[PDB]
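Trainee: Contents are TSV, C-alpha atoms; file name model_13.tsv:
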```tsv
chain	number	residue	atom	x	y	z
A	829	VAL	CA	0.00	0.00	0.00
A	830	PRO	CA	1.37	3.51	-0.75
A	831	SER	CA	2.73	5.66	2.02
A	832	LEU	CA	3.22	9.22	3.08
A	833	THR	CA	6.01	9.86	5.55
A	834	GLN	CA	6.02	11.77	8.81
A	835	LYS	CA	8.86	12.28	11.22
A	836	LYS	CA	9.95	13.83	14.48
A	837	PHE	CA	13.02	13.81	16.68
A	838	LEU	CA	13.08	13.00	20.37
A	839	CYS	CA	15.75	14.91	22.28
A	840	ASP	CA	14.80	15.04	25.93
A	841	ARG	CA	16.76	15.64	29.18
A	842	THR	CA	18.28	18.90	27.86
A	843	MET	CA	17.75	22.55	27.03
A	844	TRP	CA	18.08	24.35	23.72
A	845	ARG	CA	21.22	26.45	24.18
A	846	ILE	CA	21.59	29.52	21.99
A	847	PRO	CA	25.05	31.02	22.63
A	848	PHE	CA	25.20	34.82	22.73
A	849	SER	CA	28.42	34.98	20.76
A	850	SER	CA	29.47	35.67	17.19
A	851	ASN	CA	30.71	32.34	15.83
A	852	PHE	CA	28.25	30.63	18.26
A	853	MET	CA	31.13	28.75	19.92
A	854	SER	CA	32.20	28.28	23.53
A	855	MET	CA	35.36	30.37	23.61
A	856	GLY	CA	34.91	31.59	27.18
A	857	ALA	CA	32.47	32.67	29.83
A	858	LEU	CA	32.76	36.43	29.23
A	859	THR	CA	31.64	35.98	25.65
A	860	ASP	CA	32.77	37.48	22.36
A	861	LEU	CA	29.78	39.56	21.24
A	862	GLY	CA	28.76	40.25	24.83
A	863	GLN	CA	31.75	42.19	26.09
A	864	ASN	CA	31.34	45.23	23.85
A	865	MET	CA	28.59	46.32	26.27
A	866	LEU	CA	30.65	46.25	29.48
A	867	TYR	CA	30.58	50.03	29.92
A	868	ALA	CA	27.51	50.71	27.80
A	869	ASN	CA	24.50	51.64	29.93
A	870	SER	CA	22.42	51.00	26.81
A	871	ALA	CA	18.99	49.54	27.54
A	872	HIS	CA	18.67	46.91	24.83
A	873	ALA	CA	15.21	45.38	24.69
A	874	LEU	CA	14.52	42.13	22.92
A	875	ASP	CA	11.26	40.76	21.53
A	876	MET	CA	12.21	37.10	21.63
A	877	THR	CA	9.02	35.51	20.30
B	12	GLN	CA	65.88	32.54	56.68
B	13	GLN	CA	64.59	36.02	55.93
B	14	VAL	CA	65.95	39.25	57.39
B	15	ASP	CA	62.83	41.43	57.51
B	16	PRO	CA	59.29	40.51	58.61
B	17	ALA	CA	57.45	43.22	56.67
B	18	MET	CA	58.63	41.72	53.38
B	19	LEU	CA	56.75	38.55	54.33
B	20	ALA	CA	53.78	40.77	55.15
B	21	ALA	CA	54.26	42.19	51.65
B	22	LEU	CA	54.42	38.59	50.38
B	23	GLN	CA	51.27	37.33	52.12
B	24	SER	CA	48.94	40.27	51.48
B	25	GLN	CA	49.89	41.78	48.12
B	26	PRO	CA	48.63	40.66	44.70
B	27	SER	CA	51.32	38.75	42.81
B	28	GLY	CA	50.10	40.07	39.48
B	29	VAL	CA	50.61	43.76	38.86
B	30	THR	CA	47.53	45.82	39.78
B	31	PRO	CA	47.01	49.60	39.59
B	32	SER	CA	45.28	49.65	42.99
B	33	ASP	CA	48.60	49.23	44.82
B	34	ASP	CA	51.48	49.37	42.31
B	35	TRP	CA	50.38	52.05	39.86
B	36	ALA	CA	53.87	52.82	38.56
B	37	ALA	CA	54.23	49.28	37.21
B	38	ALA	CA	50.65	48.93	35.94
B	39	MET	CA	50.82	52.20	33.98
B	40	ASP	CA	54.30	51.10	32.85
B	41	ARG	CA	52.74	48.46	30.57
B	42	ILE	CA	49.54	50.22	29.44
B	43	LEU	CA	51.42	52.86	27.43
B	44	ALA	CA	53.55	50.03	25.86
B	45	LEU	CA	56.92	51.13	27.24
B	46	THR	CA	58.70	48.08	28.66
B	47	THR	CA	61.99	46.36	27.84
B	48	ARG	CA	60.87	42.71	27.94
B	49	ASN	CA	57.70	42.03	25.89
B	50	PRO	CA	56.58	45.61	25.04
B	51	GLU	CA	53.65	44.87	22.73
B	52	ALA	CA	51.57	42.89	25.18
B	53	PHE	CA	48.66	45.16	26.14
B	54	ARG	CA	47.02	45.90	22.78
B	55	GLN	CA	46.47	42.20	22.22
B	56	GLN	CA	44.42	41.79	25.35
B	57	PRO	CA	40.70	42.18	24.55
B	58	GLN	CA	38.13	44.59	26.01
B	59	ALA	CA	37.81	42.36	29.09
B	60	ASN	CA	41.27	42.96	30.55
B	61	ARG	CA	41.93	46.34	29.03
B	62	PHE	CA	39.07	48.29	30.64
B	63	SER	CA	39.55	46.34	33.86
B	64	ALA	CA	43.04	47.83	34.05
B	65	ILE	CA	43.02	51.01	31.97
B	66	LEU	CA	40.15	52.52	33.96
B	67	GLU	CA	41.70	51.62	37.32
B	68	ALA	CA	45.08	53.15	36.45
B	69	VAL	CA	44.14	56.69	35.38
B	70	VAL	CA	42.06	56.88	38.58
B	71	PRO	CA	43.25	54.50	41.30
B	72	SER	CA	41.19	52.76	43.92
B	73	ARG	CA	41.39	53.70	47.59
B	74	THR	CA	42.10	50.54	49.58
B	75	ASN	CA	42.74	50.07	53.30
B	76	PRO	CA	46.19	48.97	54.58
B	77	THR	CA	44.81	48.17	58.06
B	78	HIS	CA	44.84	44.44	57.33
B	79	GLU	CA	48.37	44.68	55.91
B	80	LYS	CA	50.15	46.85	58.49
B	81	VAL	CA	49.24	44.44	61.28
B	82	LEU	CA	50.91	41.49	59.51
B	83	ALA	CA	54.08	43.57	59.54
B	84	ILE	CA	53.70	43.63	63.34
B	85	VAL	CA	52.27	40.16	64.06
B	86	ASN	CA	55.06	38.63	62.00
B	87	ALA	CA	57.66	40.84	63.72
B	88	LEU	CA	56.50	39.52	67.11
B	89	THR	CA	56.58	35.85	66.11
B	90	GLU	CA	60.02	36.13	64.50
B	91	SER	CA	61.42	37.03	67.92
B	92	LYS	CA	59.40	34.22	69.61
B	93	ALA	CA	57.27	36.61	71.66
B	94	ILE	CA	54.19	34.68	70.52
B	95	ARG	CA	53.87	30.98	69.85
B	96	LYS	CA	53.56	30.11	66.17
B	97	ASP	CA	50.35	28.17	66.98
B	98	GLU	CA	48.83	31.44	68.17
B	99	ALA	CA	49.32	34.19	65.57
B	100	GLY	CA	45.96	33.39	64.01
B	101	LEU	CA	44.39	34.52	67.29
B	102	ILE	CA	46.32	37.73	67.88
B	103	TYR	CA	45.76	38.96	64.32
B	104	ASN	CA	42.15	38.02	65.02
B	105	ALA	CA	42.48	40.28	68.09
B	106	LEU	CA	44.70	43.12	66.86
B	107	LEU	CA	42.51	43.70	63.82
B	108	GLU	CA	39.55	43.90	66.18
B	109	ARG	CA	41.57	46.29	68.35
B	110	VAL	CA	42.74	48.80	65.72
B	111	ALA	CA	39.28	48.85	64.12
B	112	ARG	CA	37.64	49.50	67.48
B	113	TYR	CA	39.79	52.48	68.47
B	114	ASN	CA	40.67	53.57	64.94
B	115	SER	CA	41.63	57.15	64.13
B	116	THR	CA	43.99	59.17	62.00
B	117	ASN	CA	46.51	58.65	64.79
B	118	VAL	CA	46.55	54.85	65.11
B	119	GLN	CA	46.81	54.37	61.34
B	120	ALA	CA	49.90	56.58	61.58
B	121	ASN	CA	51.04	55.00	64.85
B	122	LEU	CA	51.16	51.49	63.41
B	123	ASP	CA	53.17	52.92	60.51
B	124	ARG	CA	55.78	54.23	62.94
B	125	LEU	CA	55.92	50.74	64.45
B	126	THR	CA	56.43	48.96	61.11
B	127	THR	CA	59.70	50.90	60.73
B	128	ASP	CA	61.51	50.26	64.01
B	129	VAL	CA	60.85	46.53	63.56
B	130	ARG	CA	62.83	47.04	60.35
B	131	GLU	CA	65.68	49.47	61.03
B	132	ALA	CA	65.72	49.64	64.85
B	133	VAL	CA	65.50	45.85	65.17
B	134	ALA	CA	69.17	45.98	64.16
B	135	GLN	CA	69.89	45.46	67.85
B	136	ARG	CA	68.73	41.88	67.25
B	137	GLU	CA	71.32	41.74	64.47
B	138	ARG	CA	73.75	43.37	66.93
B	139	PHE	CA	73.76	41.06	69.96
B	140	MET	CA	73.87	37.96	67.87
B	141	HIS	CA	77.43	39.17	67.18
B	142	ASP	CA	78.41	40.78	70.50
B	143	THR	CA	76.30	38.06	72.27
B	144	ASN	CA	75.56	40.01	75.46
B	145	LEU	CA	72.34	37.99	75.55
B	146	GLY	CA	74.15	35.77	78.02
B	147	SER	CA	77.84	36.26	77.61
B	148	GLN	CA	78.94	39.79	78.51
B	149	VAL	CA	76.43	41.23	80.98
B	150	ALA	CA	75.78	37.80	82.46
B	151	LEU	CA	79.51	37.31	83.04
B	152	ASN	CA	80.14	40.86	84.29
B	153	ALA	CA	78.11	39.77	87.30
B	154	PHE	CA	80.54	36.87	87.69
B	155	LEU	CA	83.56	39.15	87.54
B	156	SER	CA	81.80	41.29	90.16
B	157	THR	CA	81.65	38.17	92.35
B	158	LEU	CA	85.22	36.84	92.41
B	159	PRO	CA	87.64	38.36	94.94
B	160	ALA	CA	90.33	40.50	93.32
B	161	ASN	CA	92.77	39.95	96.22
B	162	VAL	CA	94.70	36.77	95.41
B	163	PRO	CA	97.85	36.31	97.56
B	164	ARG	CA	100.09	34.44	95.10
B	165	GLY	CA	99.99	35.58	91.49
B	166	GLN	CA	98.19	38.91	91.57
B	167	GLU	CA	98.89	39.72	87.90
B	168	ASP	CA	98.11	36.42	86.13
B	169	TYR	CA	94.74	36.21	87.90
B	170	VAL	CA	93.47	39.32	86.10
B	171	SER	CA	94.97	38.17	82.80
B	172	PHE	CA	93.21	34.80	82.89
B	173	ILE	CA	89.77	36.37	83.25
B	174	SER	CA	90.89	38.99	80.73
B	175	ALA	CA	91.32	36.04	78.38
B	176	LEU	CA	88.01	34.53	79.54
B	177	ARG	CA	85.94	37.61	78.70
B	178	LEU	CA	87.47	37.37	75.22
B	179	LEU	CA	86.33	33.72	75.03
B	180	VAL	CA	82.64	34.53	75.47
B	181	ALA	CA	83.00	37.53	73.12
B	182	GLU	CA	84.62	35.96	70.04
B	183	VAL	CA	82.09	33.09	70.13
B	184	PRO	CA	78.43	33.92	69.34
B	185	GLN	CA	77.12	30.52	70.46
B	186	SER	CA	78.61	30.35	73.97
B	187	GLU	CA	76.73	31.84	76.91
B	188	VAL	CA	76.75	31.93	80.71
B	189	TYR	CA	73.75	32.01	83.04
B	190	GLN	CA	72.39	31.94	86.59
B	191	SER	CA	70.96	28.54	87.53
B	192	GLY	CA	70.84	28.04	91.27
B	193	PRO	CA	73.41	29.72	93.53
B	194	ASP	CA	76.21	29.20	90.97
B	195	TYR	CA	77.09	30.27	87.43
B	196	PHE	CA	77.78	27.91	84.51
B	197	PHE	CA	79.27	28.20	81.02
B	198	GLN	CA	78.42	26.06	78.00
B	199	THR	CA	80.54	26.23	74.87
B	200	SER	CA	77.51	25.79	72.58
B	201	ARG	CA	73.76	25.85	72.59
B	202	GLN	CA	72.58	22.24	72.21
B	203	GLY	CA	76.04	21.66	73.56
B	204	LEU	CA	78.13	19.57	75.92
B	205	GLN	CA	81.11	20.54	78.11
B	206	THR	CA	79.29	22.58	80.75
B	207	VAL	CA	81.89	23.86	83.18
B	208	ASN	CA	80.92	24.49	86.79
B	209	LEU	CA	82.31	28.00	86.70
B	210	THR	CA	81.84	28.70	90.41
B	211	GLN	CA	83.41	25.38	91.42
B	212	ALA	CA	86.36	26.04	89.07
B	213	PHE	CA	87.60	29.45	90.22
B	214	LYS	CA	87.15	28.30	93.81
B	215	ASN	CA	89.44	25.41	92.90
B	216	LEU	CA	91.85	27.79	91.16
B	217	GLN	CA	91.84	30.13	94.18
B	218	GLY	CA	94.97	29.54	96.22
B	219	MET	CA	96.64	27.97	93.18
B	220	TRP	CA	97.87	30.82	90.91
B	221	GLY	CA	101.37	30.78	92.40
B	222	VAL	CA	103.00	27.36	92.79
B	223	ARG	CA	106.18	27.36	90.66
B	224	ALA	CA	105.92	23.60	90.30
B	225	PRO	CA	108.71	21.40	88.89
B	226	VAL	CA	108.43	19.43	85.66
B	227	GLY	CA	108.54	16.00	87.32
B	228	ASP	CA	105.03	15.89	88.78
B	229	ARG	CA	102.00	14.58	86.87
B	230	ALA	CA	99.68	12.41	89.01
B	231	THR	CA	99.31	14.69	92.05
B	232	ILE	CA	96.39	16.87	90.90
B	233	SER	CA	93.76	14.17	91.34
B	234	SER	CA	93.47	15.56	94.89
B	235	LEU	CA	94.36	19.13	93.84
B	236	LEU	CA	92.56	19.88	90.56
B	237	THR	CA	89.08	18.91	89.35
B	238	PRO	CA	88.41	17.59	85.82
B	239	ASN	CA	86.03	20.44	84.93
B	240	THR	CA	88.76	22.89	85.92
B	241	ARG	CA	90.91	20.64	83.73
B	242	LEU	CA	88.23	21.15	81.06
B	243	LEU	CA	87.83	24.89	81.64
B	244	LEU	CA	91.56	25.18	81.01
B	245	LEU	CA	90.93	23.20	77.82
B	246	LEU	CA	88.30	25.74	76.73
B	247	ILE	CA	90.64	28.67	77.51
B	248	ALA	CA	93.56	27.06	75.63
B	249	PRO	CA	93.02	28.27	72.00
B	250	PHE	CA	92.42	31.89	73.11
B	251	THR	CA	95.56	32.05	75.28
B	252	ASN	CA	98.83	33.18	73.73
B	253	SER	CA	102.28	32.48	75.18
B	254	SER	CA	102.43	35.82	77.06
B	255	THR	CA	99.55	35.23	79.50
B	256	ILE	CA	101.11	32.80	82.00
B	257	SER	CA	104.70	32.65	80.89
B	258	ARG	CA	106.69	29.48	81.56
B	259	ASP	CA	107.07	28.28	85.12
B	260	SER	CA	103.72	28.39	86.90
B	261	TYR	CA	101.88	25.08	87.15
B	262	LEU	CA	99.36	26.56	84.72
B	263	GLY	CA	102.34	26.82	82.37
B	264	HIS	CA	102.54	23.05	82.81
B	265	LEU	CA	98.80	22.95	82.01
B	266	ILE	CA	97.72	25.70	79.59
B	267	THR	CA	100.78	25.42	77.33
B	268	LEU	CA	100.57	21.62	77.32
B	269	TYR	CA	96.84	21.73	76.54
B	270	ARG	CA	97.62	23.80	73.45
B	271	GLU	CA	100.10	21.11	72.39
B	272	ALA	CA	97.40	18.48	72.93
B	273	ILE	CA	95.05	20.50	70.73
B	274	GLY	CA	98.06	21.01	68.44
B	275	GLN	CA	98.29	17.24	68.00
B	276	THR	CA	94.69	16.73	66.88
B	277	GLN	CA	94.50	19.78	64.58
B	278	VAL	CA	97.07	18.13	62.31
B	279	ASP	CA	96.30	14.45	63.03
B	280	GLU	CA	92.70	14.96	61.89
B	281	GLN	CA	94.21	15.78	58.50
B	282	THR	CA	96.15	12.53	58.85
B	283	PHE	CA	92.91	10.74	59.77
B	284	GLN	CA	91.22	12.19	56.69
B	285	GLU	CA	93.95	10.60	54.55
B	286	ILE	CA	93.71	7.12	56.08
B	287	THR	CA	89.92	6.80	55.81
B	288	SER	CA	90.06	7.80	52.13
B	289	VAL	CA	92.79	5.32	51.12
B	290	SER	CA	90.90	2.32	52.49
B	291	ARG	CA	88.56	2.54	49.49
B	292	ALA	CA	91.37	3.59	47.14
B	293	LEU	CA	93.14	0.23	47.39
B	294	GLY	CA	90.40	-1.94	48.90
B	295	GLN	CA	90.33	-2.47	52.65
B	296	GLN	CA	87.94	-3.99	55.19
B	297	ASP	CA	85.92	-1.06	56.52
B	298	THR	CA	85.46	-2.82	59.87
B	299	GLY	CA	89.25	-3.00	60.18
B	300	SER	CA	89.69	0.49	58.75
B	301	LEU	CA	89.25	2.18	62.14
B	302	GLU	CA	90.58	-0.22	64.81
B	303	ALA	CA	94.25	0.02	63.82
B	304	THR	CA	93.79	3.62	62.63
B	305	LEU	CA	92.87	5.05	66.03
B	306	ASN	CA	95.57	3.07	67.86
B	307	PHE	CA	98.24	4.75	65.74
B	308	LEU	CA	96.79	8.19	66.61
B	309	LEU	CA	95.99	7.89	70.33
```
Re-express the file's structure as structure tokens.
Mentor:
Amino acid sequence: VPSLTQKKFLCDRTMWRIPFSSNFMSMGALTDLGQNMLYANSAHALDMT
Amino acid sequence: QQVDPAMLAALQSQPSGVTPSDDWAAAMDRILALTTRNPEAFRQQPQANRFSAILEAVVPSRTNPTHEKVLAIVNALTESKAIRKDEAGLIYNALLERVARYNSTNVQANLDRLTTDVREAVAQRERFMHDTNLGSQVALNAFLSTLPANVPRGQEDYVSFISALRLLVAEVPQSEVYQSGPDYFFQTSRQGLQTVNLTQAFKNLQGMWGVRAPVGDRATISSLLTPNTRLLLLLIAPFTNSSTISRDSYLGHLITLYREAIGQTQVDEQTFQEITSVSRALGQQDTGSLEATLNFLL
């Protein structure tokens, strides 16, 4: 009998980590793209939807 | 091992890396890129460790040396054994409570006067390790203010023997005299043997300084001398030249002959160093490398 396909992926026990960096790597704790705002009192908002 | 205690206070409370909060002249020395070894080393640090140093150098922080000035005192008291070493974690836990209780402009400047005379006026502690009047000069000047200066026979050699005994406790930093019980003693070394009973020696030598004894008398002084007096004369022998007690007193039969007995061993030890090194140069039984060696030298 013919067949459509349907698929998912199970990945439990963990988060979804988005790194706030530039190359999205783990270079350090005090990140790459983050540390240009060390002495910037600059109220960034974000509409993460 | 160290000389100064405040350097160890500057080793236990200062940052090892260069910071502009305390050593500005070395932290600004490398921001402007003017250094002999590795000059170009501050541009290539990122915005993390530039602004965390370049802000703090053109306007320094204002820290408190109260916790550091007391370690230059608490160490200076435990170097001289005023406090037990098991105890300095309590007194710094009590001095820091003290000088923060009664703090002022004055006490912060009064500790700073006291972390200087434990540096340059603690040179007395460097002084009487050399002159050793810890227990050798002012503890023996009570002994020379105890002996009677009126000896009937030999008035002149009595005050030249103790003139050579004050030189003994002066040219030796380790030797010291002391008051234990009703009599004074004298040890040639700390952690040392050969304690002479100094009161029971000059009382034996009293009434003895003029004898003019002949040279055919050896085994009489078992009822006349005492072996510690015979050992005190051994300890006065290397610091006694040939002009102290000249030739013909019985101490000239003792002090001159004790220098010859020391004069035997100060060249036969060099002989003994040769014999114990040629037993492994030709091959010799090391058990029988000392039995016949000592019998040739005694």
Trainee: Pick from B:132, B:59, B:117, B:298: nearest to residue 856 in chain A, with all atoms listed in the file counted?
Mentor: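 Closest to residue 856 in chain A of all the choices is B:59.
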Trainee: Find the spatial neighbours of residue 845 in chain A, counting only C-alpha atoms, within a cut-off of 12 Å - ignore same-chain residues fewer than 5 positions away - and output them as a list in words.
Mentor: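 Skipping anything fewer than 5 positions along the chain leaves residues 852, 853 and 854 of chain A.
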Trainee: Specify as a PyMOL selection string all residues of chain B found within 10 Å of chain A, counting all atoms listed in the file.
Mentor: chain B and resi 57-59+62-63
Trainee: Taking (104.0, 22.5, 83.6) in the coordinates of the supplied file, I want to know which residues reach to within 10 Å of it, counting all atoms listed in the file; could you give the answer as an mmCIF file with C-alpha atoms, keeping the file's coordinate frame?
Mentor:
```cif
data_model
loop_
_atom_site.group_PDB
_atom_site.id
_atom_site.type_symbol
_atom_site.label_atom_id
_atom_site.label_comp_id
_atom_site.auth_asym_id
_atom_site.auth_seq_id
_atom_site.Cartn_x
_atom_site.Cartn_y
_atom_site.Cartn_z
ATOM 1 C CA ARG B 223 106.180 27.360 90.660
ATOM 2 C CA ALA B 224 105.920 23.600 90.300
ATOM 3 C CA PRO B 225 108.710 21.400 88.890
ATOM 4 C CA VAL B 226 108.430 19.430 85.660
ATOM 5 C CA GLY B 227 108.540 16.000 87.320
ATOM 6 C CA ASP B 228 105.030 15.890 88.780
ATOM 7 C CA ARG B 229 102.000 14.580 86.870
ATOM 8 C CA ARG B 258 106.690 29.480 81.560
ATOM 9 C CA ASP B 259 107.070 28.280 85.120
ATOM 10 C CA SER B 260 103.720 28.390 86.900
ATOM 11 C CA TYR B 261 101.880 25.080 87.150
ATOM 12 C CA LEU B 262 99.360 26.560 84.720
ATOM 13 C CA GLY B 263 102.340 26.820 82.370
ATOM 14 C CA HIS B 264 102.540 23.050 82.810
ATOM 15 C CA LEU B 265 98.800 22.950 82.010
ATOM 16 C CA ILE B 266 97.720 25.700 79.590
ATOM 17 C CA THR B 267 100.780 25.420 77.330
ATOM 18 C CA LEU B 268 100.570 21.620 77.320
#
```
Trainee: One decimal, Å: what's the distance from CA of residue 75 in chain B over to CA of residue 19 in chain B, could you say?
Mentor: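 Going from CA of residue 75 in chain B over to CA of residue 19 in chain B, I get 18.2 Å.
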Trainee: Taking into account only C-alpha atoms, which residue in the set B:253, B:15, B:246, B:122 is nearest to residue 171 in chain B?
Mentor: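 Going through B:253, B:15, B:246, B:122 one by one, the smallest distance to residue 171 in chain B is for B:253.
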Trainee: Compile the contact shell of residue 81 in chain B as a list in words: residues with an atom at most 8 Å away, counting all atoms listed in the file, same-chain residues fewer than 5 positions apart removed.
Mentor: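 Answer for this query is residues 103, 106, 107 and 122 of chain B.
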Trainee: I want to know what sits within 9 Å of residue 165 in chain B, based on only C-alpha atoms, with residues of the same chain fewer than 2 positions away left out; could you give that as an NGL selection string?
Mentor: :B and (162-163 or 167-169 or 219-222)
Trainee: When you count only C-alpha atoms, which of these residues is closest to residue 206 in chain B: B:239, B:157, B:104, B:304?
Mentor: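 Among the listed residues, the smallest separation from residue 206 in chain B belongs to B:239.
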Trainee: Could you check which of B:232, B:70, B:293, B:173 is closest to residue 247 in chain B, using only C-alpha atoms?
Mentor: B:173
Trainee: Any idea what's packed within 10 Å of residue 185 in chain B, counting only C-alpha atoms, ignoring anything in its chain fewer than 2 positions away? Could you give it as an MDAnalysis selection string?
Mentor: chainID B and resid 140:141 143 146:147 180:183 187 198:203
Trainee: One decimal, in Å: what's the spacing between CA of residue 296 in chain B and CA of residue 277 in chain B?
Mentor: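 Distance reported for this atom pair: 26.4 Å.
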Trainee: Report, in Å with one decimal, the straight-line distance from CA of residue 16 in chain B to CA of residue 83 in chain B.
Mentor: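 Separation between CA of residue 16 in chain B and CA of residue 83 in chain B: 6.1 Å.
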Trainee: Counting all atoms listed in the file, write as a list in words all protein and nucleic acid residues lying at most 7 Å from (26.8, 38.4, 22.7) in the file's frame.
Mentor: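 Neighbouring residues, ordered by chain and number, come to residues 848, 849, 850, 859, 860, 861 and 862 of chain A.
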Trainee: Need to verify the contact set: residue 235 in chain B, 10 Å, all atoms listed in the file, exclusion of same-chain residues closer than 4 positions in sequence. Can you return it as a list in words?
Mentor: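 In the requested format, the answer is residues 215, 216, 219, 230 and 231 of chain B.
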